[PDB]
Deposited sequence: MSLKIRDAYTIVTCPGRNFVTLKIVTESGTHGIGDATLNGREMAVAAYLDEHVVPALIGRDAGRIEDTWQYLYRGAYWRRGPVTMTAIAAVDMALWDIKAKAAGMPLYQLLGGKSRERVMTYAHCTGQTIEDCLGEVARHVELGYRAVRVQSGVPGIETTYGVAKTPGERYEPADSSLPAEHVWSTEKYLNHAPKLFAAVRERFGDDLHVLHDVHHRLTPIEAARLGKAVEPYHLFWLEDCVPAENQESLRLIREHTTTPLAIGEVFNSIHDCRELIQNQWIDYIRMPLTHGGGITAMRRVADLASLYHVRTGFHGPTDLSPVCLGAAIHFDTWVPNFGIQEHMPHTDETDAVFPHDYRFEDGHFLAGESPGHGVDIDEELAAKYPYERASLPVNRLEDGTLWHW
């Protein structure tokens, strides 16, 4: 069946989301996430002006061909705006194919490899003790894994934050010691360094936290130069994760083949969708690397539902990040995935099982909001 209509929907049920909707001649439809936090309108224009007009009249079943058409056809390849636009189309086309097959997406991908998908929760506090308070509450909600972040002693436009690496390095290990001290060894404990270290600094950190056996240490260093991971991997056995800022397998091919990471974090909506992420997960499986999908509030329930289906099938699944969306967001994107006892259960409806309530989405107009920047104490513009 041919594509009859395609259009984007922009909404701000607590924060901005951009969604692509594709409708066939038969009335069947599918949606895909197109949200790129803090650059949302770039993807909206990429879709409205350059992609959507070319979708009309295309065979909706030709997912692979459409992917190549958009990826190669763009001439300028890869990039967050580019691959997010591509992801959105791809996710809507998988949604449609699954519906057409009368199957939940996980069935179409190869069937279920697990009964539930483990998540991790965000436990953040101004201080260690505040963070420990949050770990306690999330464990009570059933989470078996937690990401711990604490303040270090000492917005429409980007907020400006200040950073000290050495203050962070001397404080971080205390957080993890305190977590283990209180909650014991069974809990999976994750930590996101969020790009702020150099490789030898991350190496030191990795070593220092070895006694606390972290599930992962995430985004140690900016990795446009993938070789950046080498010194870290050679100096510590703390497991490493990276990739939420990646959009292409070509951003992480060397990382994976060299066994420099344990978990690949690139999610569906920024990594070119289901089609592209199958290939990434495939390469990963050759090197013992597992999926650890980025799952913040700035990827919509559409991506989350798709991700949960993907997580249900993919053999080398690692973990699924869970930052719950607001009530309002959840109402704008009705879905059949469910959270129970610290795990997700995939939906059983045909498609990825997520919809968009267009009338409700219309009640929340877009509101500009930018990610923060980080500066060192001398004013140097650093990595946030």
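Missing CA coverage against the deposited sequence, listed in sequence order.
In the chain as deposited, 1-2, 157-175 carry no coordinates.
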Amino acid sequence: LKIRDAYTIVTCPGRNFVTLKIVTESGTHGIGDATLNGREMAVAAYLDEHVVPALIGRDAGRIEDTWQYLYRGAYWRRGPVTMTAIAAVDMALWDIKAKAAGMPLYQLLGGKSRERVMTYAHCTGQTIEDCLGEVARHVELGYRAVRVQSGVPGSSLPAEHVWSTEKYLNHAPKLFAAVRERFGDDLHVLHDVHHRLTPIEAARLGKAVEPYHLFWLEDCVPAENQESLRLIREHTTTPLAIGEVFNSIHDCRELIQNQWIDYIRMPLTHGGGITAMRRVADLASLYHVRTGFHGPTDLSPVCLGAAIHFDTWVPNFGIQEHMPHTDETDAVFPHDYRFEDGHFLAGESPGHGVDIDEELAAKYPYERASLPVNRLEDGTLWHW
From here on, numbers count along this sequence of modelled residues.
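Whichever C-alpha set is largest while still superposing within 1.5 Å between the two forms counts as the rigid core.
Compare 76-84 with 288-296 and report which one shows the larger root mean square C-alpha deviation from this form in 7 other deposited structures of this protein once the rigid core is superposed.
With the rigid core superposed, the C-alphas that lie farther in 7 other deposited structures of this protein are those of 76-84.
When the other entries of this protein are compared, is residue 155 unmodelled in at least a third of them?
Residue 155: unmodelled in at least a third of the other compared entries.
Once you work out the mean C-alpha B-factor for both 206-214 and 181-189 from the entry, which is higher?
In the deposited entry, the stretch with the higher C-alpha B-factor mean is 181-189.
State which stretch shows the higher mean Cα B factor in the entry: 219-227 or 134-142.
Between 219-227 and 134-142, it is 134-142.
Looking at 127, 257, 236, 84, which has the highest CA B-factor as recorded?
Answer for 127, 257, 236, 84: 127, with the highest C-alpha B-factor.
Highest Cα temperature factor in the entry, among the options 50, 58, 39, 352: which one is it?
Answer, based on the entry's C-alpha B-factors: 58.
Using the B-factors in the PDB entry, rank residue 115's C-alpha atom against the chain and give the third, lowest, middle or highest.
For residue 115, the deposited C-alpha B-factor lands in the highest third.
Where does the C-alpha B-factor of residue 32 rank in its chain, lowest, middle or highest third?
For residue 32, the deposited C-alpha B-factor lands in the middle third.
Lowest, middle or highest third: where is residue 312 by C-alpha B factor in its chain?
Answer is lowest: the recorded C-alpha B-factor places it there.
Taking the values exactly as deposited, rank residue 357 by C-alpha B-factor within its chain and report the matching third: lowest, middle or highest.
Within its chain, residue 357 is a middle-third residue by C-alpha B-factor, going by the deposited values.
Can you work out whether the C-alpha temperature factor of residue 10 puts it in the lowest, middle or highest third of the chain?
Residue 10: CA B-factor falls in the lowest third of its chain.
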